[PDB]
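A.B. asks: I am attaching a structure below and will ask some questions about it afterwards.
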Amino acid sequence: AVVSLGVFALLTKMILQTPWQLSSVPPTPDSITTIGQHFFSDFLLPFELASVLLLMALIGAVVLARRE
Amino acid sequence: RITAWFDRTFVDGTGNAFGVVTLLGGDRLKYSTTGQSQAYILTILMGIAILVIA
Amino acid sequence: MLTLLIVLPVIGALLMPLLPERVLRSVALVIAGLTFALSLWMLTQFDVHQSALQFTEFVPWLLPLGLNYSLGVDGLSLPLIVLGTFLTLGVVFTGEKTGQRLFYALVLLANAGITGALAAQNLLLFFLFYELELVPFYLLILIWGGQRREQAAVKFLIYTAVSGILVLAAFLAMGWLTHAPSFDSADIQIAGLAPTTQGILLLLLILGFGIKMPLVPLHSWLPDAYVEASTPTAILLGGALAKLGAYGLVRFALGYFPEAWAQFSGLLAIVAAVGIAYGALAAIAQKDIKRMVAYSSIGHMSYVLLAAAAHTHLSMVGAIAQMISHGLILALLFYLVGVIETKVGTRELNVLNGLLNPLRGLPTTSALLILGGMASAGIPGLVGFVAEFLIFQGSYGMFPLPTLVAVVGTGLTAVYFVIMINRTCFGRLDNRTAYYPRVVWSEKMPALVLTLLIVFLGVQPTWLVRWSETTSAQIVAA
Amino acid sequence: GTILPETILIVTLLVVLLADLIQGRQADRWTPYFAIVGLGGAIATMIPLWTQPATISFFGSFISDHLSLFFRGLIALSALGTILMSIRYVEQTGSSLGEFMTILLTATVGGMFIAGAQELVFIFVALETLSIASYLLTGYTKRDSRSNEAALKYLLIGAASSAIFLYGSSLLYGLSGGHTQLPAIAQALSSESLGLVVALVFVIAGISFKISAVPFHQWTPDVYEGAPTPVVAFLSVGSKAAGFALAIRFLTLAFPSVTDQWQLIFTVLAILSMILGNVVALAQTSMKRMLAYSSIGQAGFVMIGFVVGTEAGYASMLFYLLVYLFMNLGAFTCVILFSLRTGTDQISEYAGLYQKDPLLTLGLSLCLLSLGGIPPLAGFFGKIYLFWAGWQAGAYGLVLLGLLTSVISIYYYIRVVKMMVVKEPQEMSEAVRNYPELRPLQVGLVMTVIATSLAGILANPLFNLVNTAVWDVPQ
Amino acid sequence: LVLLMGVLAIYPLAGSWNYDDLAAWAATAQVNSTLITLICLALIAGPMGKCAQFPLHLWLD
Ligand SMILES: CCCCCCCCCCCCCCCC(=O)OC[C@H](CO[C@@H]1O[C@H](CS(=O)(=O)O)[C@@H](O)[C@H](O)[C@H]1O)OC(=O)CCCCCCCCCCCCCCC
Ligand SMILES: CCCCCCCCCCCCCCCC(=O)OC[C@H](CO[C@@H]1O[C@H](CS(=O)(=O)O)[C@@H](O)[C@H](O)[C@H]1O)OC(=O)CCCCCCCCCCCCCCC
Ligand SMILES: CCCCCCCCCCCCCCCCCC(=O)O[C@@H](COC(=O)CCCCCCCCCCCCCCC)COP(=O)(O)OC[C@H](O)CO
């Protein structure tokens, strides 16, 4: 309880103190086509490695929860 | 009979105490690994909010 | 040339595995004798009046660490190497009759480390060979030994490990406070800096080498590790490591801080006098023989500190002679006490008795014991008197009271050695506990050779001194 | 774009599939090879792009400089050494070997990717790829309750550590406008604020979990006892390699070195690691737990390489991290070889091994002494370079603590050699009194033991390598 | 052994020990009174014990 309250107070002070850069320009409405552009231009390594992540997770979970 | 006794008690002992202490400091500090994962997460959370203070 | 002295024991150690037993013992003898003979040949070609390094070898090894493989032998260093190789030959000759494959390996590795550490003109390389000496002696104390091996061995280990620390802590420091690369000695390593720091470095070197030498309050591993060690282990350990420590102290702490040594001399003389008196008075009270001999080792090593506390050209020839004399005498005494403990089966001073009568009671190891005990004390005709008198004559022009205290310490040494000889050689044999086994001919050869060398170097002492006469001049007169 | 730096990873990736499909068809397979061959090909693929090209970036999302190649080869070699040990170990257990090597190779791929990654998203993805496979490997032997409790404990600690690291990453993305890149964040925020300090500490909380810096250490003593021993061998060499690689690539390049409060934080963690991991290791009864606390201590040693970063502390850190591979793979191979034969037990059961099996003793004592820092051996020069790189910078106290802890470590490292050699036929343990009398295990043991004894004096060839790797760290 | 202390402190004063250099030295000597008092007391105590004199006389009995 005390560590949670202290960490929350610390984070709240950090959030209320730092001067974020608001950059007042309206966002984009077509937010899915942009995510589609970032999967294969910028975030290609993570998009490709998430497949192997899912495969290894499936393998290991079937092995751990198997019945024998 | 004094000197030998001194050597057998004060000098030798003074050289052994260190060792003995270093044994105790290990025998009664293993209990910091309490075996409770929630305690480990408490120590990880005490790491933060303290280095953040220092 | 020195590379041979360092590599041949290493080769024998690496060759002790994968070798058949008969060949195991024969080849150990061969390697030890070869290294020894090479040492003697080097000693003959050591042509003197040089005042510089000889047999030097320089190879660049580990540039990002300094650590150039840079050997080189001087007048202070070569007699110690010959001593180490002689003791190694003897220890291999009277090796253990159990697990005798990991013995010759470790003994040869220990000799390699000693010979390297002596003939190394590189600080970090010296420390390499020092901490190389650290562990195999732990293994020797641990496998072969007495009831209380483990404790004893552990003690030695740590008091040597800590030693390394201090030495290393005082090399790195004094290797960087002078912004010098290439830690190798007799080189860019030039102190030339402000006081209050030379003091700290000198104290670090004193406490790192005085703990192995050993000095007065840092000695508390010596009685435990000499008594719980078999006789070859005791001989090798005593000679080799004690001389390594003393050599380190003399060489480094006198060739690097001659301004701080001249200021700490006043305290080191009193510390050495207290050490001699302390060793003697603590030996007088002991009722086990090996303990008396260990405190003998402490007392005889404090003479080197008293000698070095005075910068006299004479008091350093005397220091080297005392190192050699203590090596020979401690080897003889440990060998004789090991023989006695083996044949009699007990080592106390209240059940040993009458070991000097002809037929039933061990008389040529007792005669040698009386001759080694009187050599240890100050008795002319033997080596100990020559060494101690050189030290005394060199140390009286300086502080005269610590020299007088050292003379009193020699008297007390005579006291407790007479105690041991009376309760060991004189008296009558107990006629239920007698029937000691016989002593075979090639089992009292090492004692009978050490005795001949001791009685020779005491009546014709030039052959003890003619090697370190100009080197000591180069050491102190600089 | 410039997918050449990936022909080292994709090779291993292909193996992950091929050593998997073969387990789908065959189920009694020889996949231990063509997995050693896969890692060998992945390592041999680094020679063409170690010196021939300059430093290249995938899309800003990955970099293939010499430091990246160093850490990638390090993790691949750790996996190669672990595959050898785990053949007769998990086969002796009633479990499969292909479904284990796929997980091990995926953990390897994650560790190799996290080395050269320089973007928030990809860093997170590589770290989590490592962590999930680590959990799965820890809980592999699902018959033993210790393995299951260790996997649960490790998962609950690692997932919380990853949540903290992710909070730090989100803060770091928000402070510097956008810029998920690492080098584009240093250019954006170049001033200490409260947000930057909080992000720094929250990243440290997830780094120190990987590199086992106390107080983020309390899982290794409970995971090393639980996990299968070859998993522990890969976990003490490869996981620390990935953690230190990520720490160098993150702290130096992302957190603007103007905010070098992490040097203070890591001084604290290194002092605490040296003090704890060596004092508590001194009172242990099992070999795996002793090696866990030893590993904490050695991480504390390494953490005085990049806490005084001076292009010689980085080289000292990398050299010790390279030697640590040979030391620990060889110290775990002998532990596996002993627990396989009859023992399956703790330190007290080692008493009297010199009579029955001398090769295992000569192989384990060498590695324990190397870990202790005994002259000529791989560990002595590693520690001497660590300590001189610490004096040459100004950290007297850190090095003077490292030396005392090195003595404390010599004590409990030689306490095992005690049992292995001292005993006479009456003091053999009950596990040696009936000691009986697997080729890859021996051919890995011999190799790591001959490497830990020769990479100390033949150290000059692998000092130029470390130096050309260190040339890439910013300062 | 106290004779050794005496013979040890007669060298800086006489530069030799030959019973003739000592004779010449003692002929023309003007050094401190207590110093020669002490060194000659040591030179006495040597033969004092060697010749079985009080108090070092029980050894003869
Ligand atoms: C203080 C001065 C020291 C100088 C003395 C020099 C040491 C003696 C030299 C020996 C020469 C080598 C051969 C010795 C072995 C041998 O032949 O047979 C061994 C047998 C001994 O008995 C044997 O003893 C053997 C056990 S042991 O050898 O005695 O250890 C065993 O074989 C069996 O018991 C038994 O027959 O004969 C002896 O050696 C005893 C005679 C030799 C010892 C003499 C000592 C008596 C004098 C001591 C004081 C001298 C005073 C004069 C001025 C100093
Ligand atoms: C100033 C520096 C230079 C000066 C020299 C240094 C001072 C030396 C003085 C000698 C001191 C005696 C040593 C102590 C012995 C001991 O520990 O126990 C006492 C021993 C018994 O020890 C026992 O000896 C036993 C063996 S044995 O059978 O006795 O031999 C043994 O079993 C037992 O354990 C052991 O306790 O018995 C003795 O006292 C014998 C000693 C006889 C010495 C004669 C005196 C010599 C000095 C002349 C004095 C002149 C002045 C007198 C007053 C006017
Ligand atoms: C200032 C007083 C001077 C008087 C003389 C004292 C000078 C002594 C110098 C200290 C040398 C260190 C001695 C370490 C003692 C080791 C002996 C020992 O017994 O080892 C024990 C354990 O050893 C250790 O734990 C290793 C840790 C020792 C570390 C000691 C370092 C001391 C160095 C002091 C430096 C302080 C820093 C000051 C800097 C400003 C085991 O004890 P035991 O009874 O169990 O033995 C049997 C064995 O256990 C069975 O196998």
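Letters A, B, ... go to the chains of the structure tokens in the order shown; residues in each chain start at 1; ligands are counted from 1 in the same order.
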Could you tell me, counting only C-alpha atoms and all ligand atoms, which protein and nucleic acid residues lie no more than 12 Å from ligand 1, written as a PDB file with N, CA and C atoms, in the first residue's frame?

C.D. replies:
ATOM      1  N   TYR C 335      63.137 -31.338   8.007  1.00  0.00           N
ATOM      2  CA  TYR C 335      63.389 -32.709   7.587  1.00  0.00           C
ATOM      3  C   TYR C 335      63.645 -33.607   8.788  1.00  0.00           C
ATOM      4  N   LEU C 336      64.471 -33.145   9.725  1.00  0.00           N
ATOM      5  CA  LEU C 336      64.784 -33.959  10.892  1.00  0.00           C
ATOM      6  C   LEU C 336      63.551 -34.200  11.750  1.00  0.00           C
ATOM      7  N   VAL C 337      62.731 -33.170  11.951  1.00  0.00           N
ATOM      8  CA  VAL C 337      61.533 -33.339  12.760  1.00  0.00           C
ATOM      9  C   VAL C 337      60.526 -34.236  12.055  1.00  0.00           C
ATOM     10  N   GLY C 338      60.474 -34.199  10.725  1.00  0.00           N
ATOM     11  CA  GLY C 338      59.610 -35.126  10.018  1.00  0.00           C
ATOM     12  C   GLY C 338      60.064 -36.563  10.171  1.00  0.00           C
ATOM     13  N   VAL C 339      61.375 -36.799  10.079  1.00  0.00           N
ATOM     14  CA  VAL C 339      61.906 -38.142  10.310  1.00  0.00           C
ATOM     15  C   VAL C 339      61.553 -38.615  11.712  1.00  0.00           C
ATOM     16  N   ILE C 340      61.758 -37.749  12.704  1.00  0.00           N
ATOM     17  CA  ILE C 340      61.480 -38.122  14.088  1.00  0.00           C
ATOM     18  C   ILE C 340      60.007 -38.465  14.262  1.00  0.00           C
ATOM     19  N   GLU C 341      59.117 -37.590  13.797  1.00  0.00           N
ATOM     20  CA  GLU C 341      57.691 -37.870  13.895  1.00  0.00           C
ATOM     21  C   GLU C 341      57.290 -39.143  13.170  1.00  0.00           C
ATOM     22  N   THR C 342      57.950 -39.485  12.067  1.00  0.00           N
ATOM     23  CA  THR C 342      57.603 -40.722  11.382  1.00  0.00           C
ATOM     24  C   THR C 342      58.051 -41.942  12.171  1.00  0.00           C
ATOM     25  N   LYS C 343      59.305 -41.962  12.619  1.00  0.00           N
ATOM     26  CA  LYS C 343      59.821 -43.156  13.281  1.00  0.00           C
ATOM     27  C   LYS C 343      59.268 -43.309  14.690  1.00  0.00           C
ATOM     28  N   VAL C 344      59.120 -42.208  15.421  1.00  0.00           N
ATOM     29  CA  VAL C 344      58.654 -42.291  16.799  1.00  0.00           C
ATOM     30  C   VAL C 344      57.135 -42.250  16.912  1.00  0.00           C
ATOM     31  N   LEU C 355      66.565 -39.959  22.414  1.00  0.00           N
ATOM     32  CA  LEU C 355      66.764 -40.295  21.007  1.00  0.00           C
ATOM     33  C   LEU C 355      68.222 -40.230  20.605  1.00  0.00           C
ATOM     34  N   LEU C 356      69.126 -40.375  21.538  1.00  0.00           N
ATOM     35  CA  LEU C 356      70.522 -40.189  21.100  1.00  0.00           C
ATOM     36  C   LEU C 356      71.373 -41.400  21.404  1.00  0.00           C
ATOM     37  N   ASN C 357      70.913 -42.347  22.188  1.00  0.00           N
ATOM     38  CA  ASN C 357      71.709 -43.536  22.444  1.00  0.00           C
ATOM     39  C   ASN C 357      71.719 -44.423  21.201  1.00  0.00           C
ATOM     40  N   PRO C 358      72.928 -44.996  20.705  1.00  0.00           N
ATOM     41  CA  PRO C 358      73.474 -45.786  19.355  1.00  0.00           C
ATOM     42  C   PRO C 358      72.448 -46.774  18.861  1.00  0.00           C
ATOM     43  N   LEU C 359      72.262 -47.863  19.564  1.00  0.00           N
ATOM     44  CA  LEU C 359      71.469 -48.972  19.020  1.00  0.00           C
ATOM     45  C   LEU C 359      69.973 -48.752  18.974  1.00  0.00           C
ATOM     46  N   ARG C 360      69.323 -48.607  20.090  1.00  0.00           N
ATOM     47  CA  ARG C 360      67.872 -48.706  20.056  1.00  0.00           C
ATOM     48  C   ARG C 360      67.177 -47.376  19.784  1.00  0.00           C
ATOM     49  N   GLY C 361      67.909 -46.274  19.680  1.00  0.00           N
ATOM     50  CA  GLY C 361      67.241 -44.994  19.743  1.00  0.00           C
ATOM     51  C   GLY C 361      67.641 -43.889  18.791  1.00  0.00           C
ATOM     52  N   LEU C 362      67.558 -44.059  17.484  1.00  0.00           N
ATOM     53  CA  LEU C 362      67.701 -42.947  16.465  1.00  0.00           C
ATOM     54  C   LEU C 362      68.858 -41.953  16.639  1.00  0.00           C
ATOM     55  N   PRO C 363      70.146 -42.298  16.723  1.00  0.00           N
ATOM     56  CA  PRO C 363      71.166 -41.307  16.917  1.00  0.00           C
ATOM     57  C   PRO C 363      71.851 -40.464  15.858  1.00  0.00           C
ATOM     58  N   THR C 364      71.593 -40.611  14.575  1.00  0.00           N
ATOM     59  CA  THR C 364      72.281 -39.708  13.637  1.00  0.00           C
ATOM     60  C   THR C 364      71.295 -38.648  13.230  1.00  0.00           C
ATOM     61  N   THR C 365      70.020 -38.804  13.515  1.00  0.00           N
ATOM     62  CA  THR C 365      69.120 -37.711  13.172  1.00  0.00           C
ATOM     63  C   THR C 365      69.060 -36.862  14.409  1.00  0.00           C
ATOM     64  N   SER C 366      69.352 -37.409  15.552  1.00  0.00           N
ATOM     65  CA  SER C 366      69.420 -36.559  16.734  1.00  0.00           C
ATOM     66  C   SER C 366      70.681 -35.704  16.745  1.00  0.00           C
ATOM     67  N   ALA C 367      71.785 -36.270  16.304  1.00  0.00           N
ATOM     68  CA  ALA C 367      73.036 -35.513  16.226  1.00  0.00           C
ATOM     69  C   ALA C 367      72.810 -34.403  15.237  1.00  0.00           C
ATOM     70  N   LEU C 368      72.292 -34.698  14.066  1.00  0.00           N
ATOM     71  CA  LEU C 368      72.024 -33.627  13.101  1.00  0.00           C
ATOM     72  C   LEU C 368      71.070 -32.629  13.734  1.00  0.00           C
ATOM     73  N   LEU C 369      70.020 -33.026  14.455  1.00  0.00           N
ATOM     74  CA  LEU C 369      69.090 -32.092  15.080  1.00  0.00           C
ATOM     75  C   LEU C 369      69.822 -31.135  16.008  1.00  0.00           C
ATOM     76  N   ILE C 370      70.816 -31.591  16.752  1.00  0.00           N
ATOM     77  CA  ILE C 370      71.602 -30.728  17.681  1.00  0.00           C
ATOM     78  C   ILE C 370      72.470 -29.794  16.879  1.00  0.00           C
ATOM     79  N   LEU C 371      72.886 -30.207  15.705  1.00  0.00           N
ATOM     80  CA  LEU C 371      73.759 -29.383  14.846  1.00  0.00           C
ATOM     81  C   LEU C 371      72.929 -28.346  14.104  1.00  0.00           C
ATOM     82  N   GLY C 372      71.700 -28.658  13.736  1.00  0.00           N
ATOM     83  CA  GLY C 372      70.803 -27.689  13.125  1.00  0.00           C
ATOM     84  C   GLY C 372      70.233 -26.704  14.127  1.00  0.00           C
ATOM     85  N   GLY C 373      69.940 -27.172  15.343  1.00  0.00           N
ATOM     86  CA  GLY C 373      69.437 -26.274  16.366  1.00  0.00           C
ATOM     87  C   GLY C 373      70.475 -25.263  16.811  1.00  0.00           C
ATOM     88  N   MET C 374      71.737 -25.683  16.891  1.00  0.00           N
ATOM     89  CA  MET C 374      72.795 -24.733  17.209  1.00  0.00           C
ATOM     90  C   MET C 374      73.131 -23.820  16.039  1.00  0.00           C
ATOM     91  N   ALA C 375      72.899 -24.263  14.803  1.00  0.00           N
ATOM     92  CA  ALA C 375      73.059 -23.376  13.657  1.00  0.00           C
ATOM     93  C   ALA C 375      71.968 -22.318  13.641  1.00  0.00           C
ATOM     94  N   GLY C 381      80.879 -21.233  13.305  1.00  0.00           N
ATOM     95  CA  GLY C 381      81.132 -22.454  12.574  1.00  0.00           C
ATOM     96  C   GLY C 381      79.997 -22.903  11.686  1.00  0.00           C
ATOM     97  N   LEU C 382      78.829 -22.283  11.799  1.00  0.00           N
ATOM     98  CA  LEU C 382      77.654 -22.584  10.998  1.00  0.00           C
ATOM     99  C   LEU C 382      77.157 -21.296  10.348  1.00  0.00           C
ATOM    100  N   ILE C 421      66.248 -29.817  22.475  1.00  0.00           N
ATOM    101  CA  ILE C 421      67.270 -30.852  22.365  1.00  0.00           C
ATOM    102  C   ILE C 421      67.362 -31.669  23.645  1.00  0.00           C
ATOM    103  N   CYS C 425      66.624 -35.300  22.594  1.00  0.00           N
ATOM    104  CA  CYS C 425      67.788 -36.139  22.348  1.00  0.00           C
ATOM    105  C   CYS C 425      68.341 -36.747  23.629  1.00  0.00           C
ATOM    106  N   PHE C 426      68.396 -35.974  24.702  1.00  0.00           N
ATOM    107  CA  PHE C 426      68.953 -36.456  25.959  1.00  0.00           C
ATOM    108  C   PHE C 426      67.898 -37.281  26.691  1.00  0.00           C
ATOM    109  N   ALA C 434      59.565 -48.072  22.946  1.00  0.00           N
ATOM    110  CA  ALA C 434      60.713 -48.078  22.052  1.00  0.00           C
ATOM    111  C   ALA C 434      60.430 -48.996  20.875  1.00  0.00           C
ATOM    112  N   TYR C 435      61.482 -49.520  20.245  1.00  0.00           N
ATOM    113  CA  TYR C 435      61.369 -50.320  19.023  1.00  0.00           C
ATOM    114  C   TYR C 435      60.947 -49.435  17.855  1.00  0.00           C
ATOM    115  N   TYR C 436      61.746 -48.417  17.639  1.00  0.00           N
ATOM    116  CA  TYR C 436      61.506 -47.505  16.517  1.00  0.00           C
ATOM    117  C   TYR C 436      61.930 -48.252  15.266  1.00  0.00           C
ATOM    118  N   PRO C 437      61.342 -48.027  14.093  1.00  0.00           N
ATOM    119  CA  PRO C 437      61.775 -48.710  12.914  1.00  0.00           C
ATOM    120  C   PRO C 437      63.128 -48.191  12.466  1.00  0.00           C
ATOM    121  N   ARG C 438      63.863 -48.897  11.634  1.00  0.00           N
ATOM    122  CA  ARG C 438      65.212 -48.419  11.268  1.00  0.00           C
ATOM    123  C   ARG C 438      65.157 -47.234  10.321  1.00  0.00           C
ATOM    124  N   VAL C 439      66.223 -46.456  10.175  1.00  0.00           N
ATOM    125  CA  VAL C 439      66.164 -45.356   9.173  1.00  0.00           C
ATOM    126  C   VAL C 439      66.976 -45.762   7.944  1.00  0.00           C
ATOM    127  N   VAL C 440      66.382 -45.931   6.754  1.00  0.00           N
ATOM    128  CA  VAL C 440      67.071 -46.456   5.583  1.00  0.00           C
ATOM    129  C   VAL C 440      68.040 -45.412   5.050  1.00  0.00           C
ATOM    130  N   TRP C 441      69.057 -45.892   4.398  1.00  0.00           N
ATOM    131  CA  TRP C 441      70.221 -45.131   3.914  1.00  0.00           C
ATOM    132  C   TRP C 441      69.860 -43.946   3.038  1.00  0.00           C
ATOM    133  N   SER C 442      69.000 -44.079   2.058  1.00  0.00           N
ATOM    134  CA  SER C 442      68.586 -43.004   1.160  1.00  0.00           C
ATOM    135  C   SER C 442      67.291 -42.382   1.682  1.00  0.00           C
ATOM    136  N   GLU C 443      67.316 -42.049   2.969  1.00  0.00           N
ATOM    137  CA  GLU C 443      66.204 -41.359   3.605  1.00  0.00           C
ATOM    138  C   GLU C 443      66.744 -40.311   4.565  1.00  0.00           C
ATOM    139  N   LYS C 444      68.033 -40.408   4.820  1.00  0.00           N
ATOM    140  CA  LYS C 444      68.725 -39.417   5.642  1.00  0.00           C
ATOM    141  C   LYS C 444      69.854 -38.845   4.813  1.00  0.00           C
ATOM    142  N   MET C 445      69.806 -39.006   3.505  1.00  0.00           N
ATOM    143  CA  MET C 445      70.691 -38.351   2.558  1.00  0.00           C
ATOM    144  C   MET C 445      70.415 -36.853   2.475  1.00  0.00           C
ATOM    145  N   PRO C 446      69.151 -36.407   2.370  1.00  0.00           N
ATOM    146  CA  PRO C 446      68.924 -34.956   2.291  1.00  0.00           C
ATOM    147  C   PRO C 446      69.394 -34.212   3.522  1.00  0.00           C
ATOM    148  N   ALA C 447      69.149 -34.764   4.708  1.00  0.00           N
ATOM    149  CA  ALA C 447      69.599 -34.108   5.928  1.00  0.00           C
ATOM    150  C   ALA C 447      71.116 -34.057   5.996  1.00  0.00           C
ATOM    151  N   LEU C 448      71.756 -35.136   5.559  1.00  0.00           N
ATOM    152  CA  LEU C 448      73.232 -35.269   5.584  1.00  0.00           C
ATOM    153  C   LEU C 448      73.885 -34.426   4.520  1.00  0.00           C
ATOM    154  N   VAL C 449      73.202 -33.994   3.467  1.00  0.00           N
ATOM    155  CA  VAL C 449      73.692 -33.038   2.476  1.00  0.00           C
ATOM    156  C   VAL C 449      73.467 -31.609   2.954  1.00  0.00           C
ATOM    157  N   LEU C 450      72.277 -31.330   3.491  1.00  0.00           N
ATOM    158  CA  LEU C 450      72.018 -30.011   4.058  1.00  0.00           C
ATOM    159  C   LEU C 450      73.000 -29.700   5.176  1.00  0.00           C
ATOM    160  N   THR C 451      73.302 -30.695   6.010  1.00  0.00           N
ATOM    161  CA  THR C 451      74.246 -30.505   7.102  1.00  0.00           C
ATOM    162  C   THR C 451      75.638 -30.189   6.582  1.00  0.00           C
ATOM    163  N   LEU C 452      76.082 -30.907   5.549  1.00  0.00           N
ATOM    164  CA  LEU C 452      77.392 -30.625   4.972  1.00  0.00           C
ATOM    165  C   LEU C 452      77.450 -29.219   4.393  1.00  0.00           C
ATOM    166  N   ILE C 454      75.663 -26.648   5.327  1.00  0.00           N
ATOM    167  CA  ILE C 454      75.607 -25.686   6.423  1.00  0.00           C
ATOM    168  C   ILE C 454      76.965 -25.571   7.100  1.00  0.00           C
ATOM    169  N   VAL C 455      77.598 -26.706   7.403  1.00  0.00           N
ATOM    170  CA  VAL C 455      78.890 -26.643   8.077  1.00  0.00           C
ATOM    171  C   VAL C 455      79.952 -26.077   7.148  1.00  0.00           C
TER     172      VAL C 455
END

A.B. asks: Report as CSV: every residue of chain B with an atom at most 10 Å from ligand 3, its closest pair of atoms, and their distance in Å to one decimal, counting only C-alpha atoms and all ligand atoms, with rows sorted by chain and ascending residue number.

C.D. replies:
residue,atom,partner,partner_atom_place_in_ligand_line,distance
B:7,CA,ligand 3,5 (C),9.4
B:10,CA,ligand 3,4 (C),7.6
B:11,CA,ligand 3,5 (C),4.9
B:12,CA,ligand 3,5 (C),6.9
B:13,CA,ligand 3,6 (C),8.0
B:14,CA,ligand 3,6 (C),5.1
B:15,CA,ligand 3,8 (C),4.2
B:16,CA,ligand 3,15 (C),4.5
B:17,CA,ligand 3,15 (C),7.0
B:18,CA,ligand 3,30 (C),5.4
B:19,CA,ligand 3,22 (C),4.0
B:20,CA,ligand 3,42 (O),5.7
B:21,CA,ligand 3,25 (O),7.6
B:22,CA,ligand 3,25 (O),5.0
B:23,CA,ligand 3,25 (O),5.4
B:24,CA,ligand 3,25 (O),9.0
B:25,CA,ligand 3,25 (O),9.5
B:26,CA,ligand 3,25 (O),9.0

A.B. asks: Create the file for the chosen residues now, containing C-alpha atoms and written as an mmCIF file, in the first residue's frame.

C.D. replies:
data_model
loop_
_atom_site.group_PDB
_atom_site.id
_atom_site.type_symbol
_atom_site.label_atom_id
_atom_site.label_comp_id
_atom_site.auth_asym_id
_atom_site.auth_seq_id
_atom_site.Cartn_x
_atom_site.Cartn_y
_atom_site.Cartn_z
ATOM 1 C CA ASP B 7 49.352 -15.449 20.257
ATOM 2 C CA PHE B 10 44.397 -12.270 20.895
ATOM 3 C CA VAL B 11 46.343 -12.363 17.630
ATOM 4 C CA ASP B 12 44.979 -15.599 16.157
ATOM 5 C CA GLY B 13 41.453 -14.756 17.294
ATOM 6 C CA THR B 14 41.648 -11.276 15.784
ATOM 7 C CA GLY B 15 42.546 -12.886 12.475
ATOM 8 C CA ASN B 16 39.725 -15.415 12.753
ATOM 9 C CA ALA B 17 36.938 -13.045 13.839
ATOM 10 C CA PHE B 18 36.884 -11.457 10.377
ATOM 11 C CA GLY B 19 36.417 -14.864 8.779
ATOM 12 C CA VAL B 20 33.781 -15.865 11.316
ATOM 13 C CA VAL B 21 31.917 -12.600 10.756
ATOM 14 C CA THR B 22 31.986 -13.101 6.990
ATOM 15 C CA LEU B 23 30.489 -16.539 7.605
ATOM 16 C CA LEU B 24 27.687 -15.163 9.775
ATOM 17 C CA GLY B 25 27.023 -12.329 7.344
ATOM 18 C CA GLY B 26 26.352 -14.996 4.743
#

A.B. asks: Using only C-alpha atoms, select each residue of chain C with any atom at most 7 Å away from an atom of chain B, and give the selection as a PyMOL selection string.

C.D. replies: chain C and resi 217+220+281-282+285

A.B. asks: 8 Å from ligand 2 is the threshold here; counting only C-alpha atoms and all ligand atoms, which polymer residues fall inside it? Answer as a list in words.

C.D. replies: residues 284, 285, 286, 287, 349, 350, 404, 405, 406, 407, 408, 409, 410, 411, 412, 415, 416, 418, 419, 420, 421, 422 and 423 of chain C; 1, 2, 55, 56, 58 and 59 of chain E

A.B. asks: With only C-alpha atoms counted and 9 Å as the cut-off, give the residues of chain B in contact with chain A, each with its shortest interatomic distance in Å and the pair that gives it, as a tab-separated table.

C.D. replies:
residue	atom	partner	partner_atom	distance
B:42	CA	A:3	CA	8.2
B:45	CA	A:3	CA	7.2
B:46	CA	A:3	CA	7.3
B:48	CA	A:7	CA	8.4
B:49	CA	A:7	CA	6.3
B:52	CA	A:10	CA	8.9

A.B. asks: Quick one, how far is atom CA of residue D:14 from atom CA of residue D:108?

C.D. replies: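 Computing the Euclidean distance for atom CA of residue D:14 and atom CA of residue D:108 yields 12.7 Å.
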
A.B. asks: I want to know what sits within 12 Å of stretch 32-42 of chain A, based on only C-alpha atoms, with residues of the same chain fewer than 6 positions away left out; could you give that as a ChimeraX atom specification?

C.D. replies: /A:48-50 /D:1,58-62,119-122,179-181
